[PDB]
Amino acid sequence: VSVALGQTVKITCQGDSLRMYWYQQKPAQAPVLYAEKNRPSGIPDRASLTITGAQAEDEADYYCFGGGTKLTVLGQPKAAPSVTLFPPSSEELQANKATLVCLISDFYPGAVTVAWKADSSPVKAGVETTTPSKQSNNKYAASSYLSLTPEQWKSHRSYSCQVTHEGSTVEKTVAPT
Amino acid sequence: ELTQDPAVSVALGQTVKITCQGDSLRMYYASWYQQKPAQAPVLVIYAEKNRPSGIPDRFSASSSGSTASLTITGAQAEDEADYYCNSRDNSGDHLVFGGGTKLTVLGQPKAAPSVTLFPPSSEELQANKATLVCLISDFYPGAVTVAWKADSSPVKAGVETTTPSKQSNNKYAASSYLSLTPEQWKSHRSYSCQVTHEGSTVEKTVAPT
């Protein structure tokens, strides 16, 4: 969930007990403070939460308990990820190893979801994905990798890496030889 | 309205006690949350005595007066996180939270990084691109220095390296990539990725085929 500076956002909470009947948590900080119509005090003033005037400091997790909503305050333009799926190299295959690397770069905001496929079959066994971190251009980079045996690599028609980034999905597919 | 030290350390397999202090703790039992970077908080203990399903038996909680404590016996590598206490706050149906305590688990087994260097893929060369990727995995502690080479010449421009993050095995992973044009890739005899991890340096080399 992202918003531009000075723009309007809506964070939504879904589940039971909402038919019958606010905490802000910045990274490595305590979730600080009621129910739809209430007047709090201590932090600057103005189920779903709406923020009319958004500042870079407002970038935090909001909780109604909900799973958590990472509100991103756009400090720069949105950028879809550049996705490159690298197949196992000849050198790695000659060493009886196979690793596929899905390189994800130049994206903003810094949140992605990665899914893998063996042919048309979704796979998650042997998958590791790194936490996005800032490049020198202030955009983000991450990598997801899938460890396979060379027999698994050669016995499949293809392998795919799918990257989801705020309503955009980029899938890259590679095939042996 | 609850106080706890910002950080604490323990040795692997040893016991750690994280304490919270506040007037509300004399009236209410504390709940404990575990939070790792880029992850949703996990309820580790509910109102001192309830351990939810999925939470290891290593976690327990106790209290005395205006203090509440979370005890981790036989602290594991997966237990490194920020631990926050929470409770109700006297006259008023609202919750108060502690500032959080970051836990460091010392004496964890060290590991040299596994380094895999990929040449440009056939799809990116067909698209007039020649980015190389250097996968750095299964290392501990989570700090590396990455340097690239064009034959024997060090490369500064076009290099990006990710901050190491934990894998599901509690070892770290990172990647470094070098953006090149097919021209730069084909003109050199080889390119290298050298990774420095404490007393170890691992370098891999790829060549155009």
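Definitions and limits used
Residues numbered from 1 in each chain as written, not as in the entry; some residues may be left out. Chains lettered and ligands numbered in written order. Heavy atoms only, no water. Domains from an automatic or database assignment. Contact = heavy atoms within 4.5 Å. Buried area = accessible area lost by both parts, 1.4 Å probe. Salt bridge = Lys/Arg side-chain N within 4 Å of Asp/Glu carboxyl O. Nonpolar A, V, L, I, M, F, W, Y, C, P; charged D, E, K, R; others polar. Pairing = 2+ DSSP bridges. Helix = DSSP H or I, 4+ residues; strand = E, 2+ residues; numbered from the N terminus. Polar contact = N/O pair within 3.5 Å; in protein donor to acceptor, adjacent residues only side chain to side chain. Core = buried A, V, L, I, M, F, W, Y, C linked by side-chain atoms within 4.5 Å. Buried < 20%, exposed > 50% of the residue type's maximum accessible area, 1.4 Å probe, protein only.

In terms of determination method and resolution, the entry is listed under X-ray crystallography at 2.20 Å.

S.K.: How should I be thinking about the domain arrangement of chain A in this particular structure?
M.R.: By a widespread convention, an interface's size corresponds to the accessible area lost as its parts come together. Residue and element names in this part refer to chain A. With domains assigned, chain A is organised as domain 1 (1-75) and domain 2 (76-177). Just the C-alpha atoms count here: the centres of domain 1 and domain 2 sit 32 Å apart. On the domain 2 side, the residues contacting the six residues of domain 1 number five residues. Carbon and sulfur atoms make up 50% of the area that domain 1 and domain 2 hide from each other, which totals about 420 Å². The three residues of domain 1 that bury the most area against domain 2 are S2, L74 and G75, which together make up 75% of that side's buried surface. At the boundary of domain 1 with domain 2, the tally comes to zero salt bridges. Considered class by class, the residues forming the side of domain 1 that touches domain 2 number three nonpolar, three polar and no charged.

S.K.: How do you make sense of the sheet that holds strand 5 (residues 61-63) of chain A when you look at a structure like this?
M.R.: Sheet strands line up and pair through hydrogen bonds in the backbone, either parallel or antiparallel. All names here are of chain A. Taken in spatial order, the three strands of this open sheet run 3-5-6, and their pairing is antiparallel. Unpaired on one side and paired on the other, strand 3 (23-25) and strand 6 (69-70) mark the two borders of the sheet. Bridge count for strand 3 against strand 5 is three bridges, and the pairing is antiparallel. Bridge assignment links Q24 to a residue of strand 5, and that residue is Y62.

S.K.: What am I meant to see in the interface of chain A and chain B here?
M.R.: With 35 residues of chain A at the interface, the matching set in chain B holds 35 residues. Summed over the shared surface of chain A and chain B, the result is zero salt bridges. Inspection of the region where chain A meets chain B yields 10 residue pairs in polar contact. Sorting the residues of the side of chain A that touches chain B by element identifies strand 3, strand 5, strand 8 (82-86), strand 9 (98-107), strand 14 (140-148) and strand 16 (168-174) of chain A as the ones contributing at least two each. Among the elements that make up the side of chain A that touches chain B, the one with the highest residue count is strand 9 of chain A (five residues). Of the residues that constitute the side of chain A that touches chain B, the class distribution is 17 nonpolar, 14 polar and four charged.

S.K.: When you look at the nonpolar core in this model, what are you seeing that I'm missing?
M.R.: Note on soluble globular proteins: their nonpolar side chains tend to be buried together. All names here are of chain B. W32, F59 and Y83 are the most contacted members of the largest nonpolar core, which totals 23 residues. For this core, the secondary-structure elements that each account for two or more residues are strand 2 (16-21), strand 4 (42-45), strand 5 (59-64), strand 6 (67-72), strand 7 (82-88) and strand 9 (101-106). Formed by 22 residues, the second largest nonpolar core is a distinct cluster that contains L117, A130, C134 and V146.

S.K.: Can you help me understand the pattern of salt bridges in this one?
M.R.: Note on pairing: side chains with opposite charge can pair once their charged atoms come close. Residues and elements named next belong to chain B. What the rule picks out here adds up to seven salt bridges over all chains. Here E198 and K110 are joined by a salt bridge, their closest N and O atoms 3.4 Å apart. Within this pair, whereas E198 is found in the loop between strand 17 (191-197) and strand 18 (200-206), its partner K110 is found in the loop between strand 9 and strand 10 (114-118), the two being separated by 88 residues in sequence. Where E203 meets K149, a salt bridge forms, and the shortest distance between an N and an O atom there is 3.0 Å. Taken as a pair, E203 in strand 18 and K149 in strand 12 (residues 145-150) lie far apart in primary sequence, 54 residues in all. Here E203 falls in the partly exposed class, since its relative accessible area comes to 35%.

S.K.: Please clarify how the domain arrangement of chain B should be interpreted in this entry.
M.R.: Residues and elements named next belong to chain B. Here chain B is described as being made up of domain 1 (1-107) and domain 2 (108-209). In this structure, domain 1 and domain 2 have C-alpha centres spaced 39 Å apart. If you look at the interface, domain 1 gives seven residues, while domain 2 gives five residues. Approximately 450 Å² of surface area, both sides summed, lies buried where domain 1 meets domain 2, with 43% of it carried by carbon and sulfur atoms. Ranking the residues of domain 1 by area buried against domain 2 places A77, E80 and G107 at the top, with a combined share of 66%.

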